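To keep things clear, I will list the structure first and then write my remarks on it.
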Amino acid sequence: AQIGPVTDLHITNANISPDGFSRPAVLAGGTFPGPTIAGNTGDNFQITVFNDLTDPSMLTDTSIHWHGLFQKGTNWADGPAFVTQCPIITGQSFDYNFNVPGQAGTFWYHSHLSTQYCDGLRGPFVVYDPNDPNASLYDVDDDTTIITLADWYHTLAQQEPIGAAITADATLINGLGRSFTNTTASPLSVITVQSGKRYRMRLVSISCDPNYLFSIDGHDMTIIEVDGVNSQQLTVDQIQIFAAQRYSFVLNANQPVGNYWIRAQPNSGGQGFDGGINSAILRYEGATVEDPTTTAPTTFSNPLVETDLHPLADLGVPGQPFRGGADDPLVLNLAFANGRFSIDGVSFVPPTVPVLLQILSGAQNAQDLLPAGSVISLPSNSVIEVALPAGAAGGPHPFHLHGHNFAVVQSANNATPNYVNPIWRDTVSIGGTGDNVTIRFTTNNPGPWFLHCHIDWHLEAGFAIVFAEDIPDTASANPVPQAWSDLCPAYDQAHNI
Ligand SMILES: *[C@@H]1O[C@H](CO)[C@@H](O[C@@H]2O[C@H](CO)[C@@H](O)[C@H](O)[C@H]2NC(C)=O)[C@H](O)[C@H]1NC(C)=O
Ligand SMILES: *[C@@H]1O[C@H](CO)[C@@H](O[C@@H]2O[C@H](CO)[C@@H](O)[C@H](O)[C@H]2NC(C)=O)[C@H](O)[C@H]1NC(C)=O
Ligand SMILES: [Cu+2]
Ligand SMILES: [Cu+2]
Ligand SMILES: [Cu+2]
Ligand SMILES: [Cu+2]
Ligand SMILES: [F-]
């Protein structure tokens, strides 16, 4: 029941009750989470998105981002509203037609208009590798081995009151889970395994906000992929996974036939597992159909620490092995005050004309681009370093860069940089007060690429900038289809702009 790489995808409103509480939602493919979109490395995806939304309480416009896919030469298909396109209006459709050369791994898709993905438009996106170097580590890798972690809110995203704290009402694992308050014994998700087999579990955070402490009672987890990047095998018994991150791990079904709790503890909202909140079930074939009776340890033996991860391939680190050892070394001042986030003193407010369209129309330096102060040019064919020192309220903030993955030269909670063999990924926690999480990449992908905190509430409140990478080559690199050119006139007509 995976769809793609060529598929329609209808975006609708419907009622759902994933924790026993009914509310309206914004859904892809009629379900929460949406159906898995899948193909093989190098495939041409043609995802024709039909906007059938009618309920303005969750916005009737939409735009979809394919998280972690580089979109080289297809910046117009990336999805962030007012960065690479105007939204699709209701009753219209749009073909996101792109290729995935050189990528294979676990991704996801989500609305990238306002906080709409929180209202339900989120699902997995898997690019399989027919020649996967990790293939011999497991037996089973299919739709039944994808594990999504989601925060779910009873209050609609657009209706979250100004000046009140936002927390979720349930953790959903594979779309099901129980509410933190007024808990009812609604169905839990079951992940089924066969004793003796090995599974590539593809763990996807589709969170709007919390990070999760993920574990499986009685089991350990051997990480083999991080945000699309193959890793050396790293065995852990708990994974702290931040919004929008992905891991693949090998699960060896090597415990007695039985039932085992799957745990996903968010950093906000309900604490613990009373009444079966924050829980799913790992069930072995032949086990009794009943809840697990297992318990977690008080202290985990081998939690994931990001500096323990290393690429499977020899990826290195571009630039020179010291702070500022890049062609374009940046240090961002990341701040929060009075309900708004800012980067270098500027709070992101989406522009009327998408950044890409501004560039195609001839705006040719970043000082000419709107929003003023929110668009930073990057030079072509250059090593970029971005230091992201933490401290802003609401952390730990998982920062994400479109169009690229990056070397994590410095991770949370550890002052030592790694210029030799750090993991590469696309979403990274910037940690806690005094940290200096730092990323590096090379600019080989012309176009405007969003950089933002992936806590969606923080993005909405301004925690973003756009890197206008290689402005001079953006138009030649990214020819645009007529349907894309039609988006802004249709949107602005519908909204009387
Ligand atoms: C994080 O690392 C960056 C460099 O990657 C530091 O930036 C330097 O900051 C000082 C002022 O604090 C400037 O004088 C330097 O020009 C900056 N660049 C360098 C040394 O390469 C930054 O201070 C670090 N931040 C924290 C909080 O540790
Ligand atoms: C803090 O981060 C550093 C840098 O990633 C880690 O240092 C590496 O540790 C490994 C394992 O012992 C050594 O092989 C490397 O040579 C170290 N690299 C550097 C540059 O020092 C360190 O382990 C991390 N600290 C903790 C507690 O995990
Ligand atoms: Cu994303
Ligand atoms: Cu993205
Ligand atoms: Cu944030
Ligand atoms: Cu984004
Ligand atoms: F992305």
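Taking the authors' numbering, I'd label the letters of the sequence shown as residues 1 to 497. Backbone N, C-alpha and C fix where the C-beta goes; we use that ideal spot for every residue, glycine too.
Sheet register partners of residue i (DSSP bridge)
| i | result |
| --- | --- |
| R323 | Paired residue(s): none; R323 is not in a bridge. |
| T427 | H400 |
| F98 | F45 |
| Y128 | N40 |
| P266 | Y212 |
| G123 | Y109 |
| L378 | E469 |
| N418 | Answer is none; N418 lacks a bridge partner. |
| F441 | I384 |
| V226 | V229 and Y247 |
Limits of the unbroken alpha helix (DSSP H) element including residue i
| i | result |
| --- | --- |
| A490 | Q482 to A494 |
| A461 | Per DSSP, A461 belongs to no alpha helix (DSSP H) and is neither H nor E. |
| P472 | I471 to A477 |
Run of the beta strand (DSSP E) containing residue i, from where it starts to where it stops
| i | result |
| --- | --- |
| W449 | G447 to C453 |
| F82 | From DSSP, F82 is part of no beta strand (DSSP E); its letter is neither H nor E. |
| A387 | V383 to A387 |
| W66 | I64 to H67 |
| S215 | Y212 to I216 |
| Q240 | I239 to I241 |
| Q232 | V229 to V236 |
| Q410 | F406 to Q410 |
| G105 | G105 to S111 |
| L251 | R246 to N252 |
| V26 | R23 to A28 |
| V289 | Careful: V289 lies outside any beta strand (DSSP E) and carries neither H nor E. |
| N15 | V6 to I16 |
| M58 | Note, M58: premise wrong, no beta strand (DSSP E); not H, not E. |
| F273 | Neither: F273 is in no beta strand (DSSP E) and is coded neither H nor E. |
Neighbour-count burial assignment, residue i, 16 or more Cβ in a 10 Å radius
| i | result |
| --- | --- |
| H400 | buried |
| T36 | buried |
| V428 | buried |
| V420 | exposed |
| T62 | buried |
| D19 | buried |
| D209 | buried |
| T181 | exposed |
| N254 | exposed |
| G316 | exposed |
| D119 | buried |
| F322 | exposed |
| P489 | exposed |
| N15 | exposed |
Integer Cβ distance of residue i from residue j, believed to fall under 8 Å
| i | j | result |
| --- | --- | --- |
| residue 539 | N259 | Residue 539 lies beyond the stretch modelled for the chain, which goes from 1 to 497, so this question has no answer here. |
| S231 | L309 | 5 Å |
| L282 | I216 | 6 Å |
| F450 | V466 | 6 Å |
| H219 | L188 | Contact flag wrong, Cβ pair sits at about 17 Å. |
| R23 | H154 | 6 Å |
| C453 | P398 | 7 Å |
| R198 | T106 | Wrong, their Cβ atoms sit about 17 Å apart, outside the cutoff. |
| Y212 | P266 | 6 Å |
Discussion item. Please give the ranges of any beta strand (DSSP E) in the stretch 294-375, keeping only runs that are unbroken, at least 3 residues long and fully inside the region.
Written reply: Runs found: 328-331, 334-337 and 340-343.
Discussion item. To test your reading of the DSSP string, which unbroken beta strand (DSSP E) runs of 3 or more residues are found completely within the stretch 134-204?
Written reply: As far as the stretch 134-204 is concerned, its whole beta strand (DSSP E) runs of at least 3 residues are 146-152, 170-173 and 190-193.
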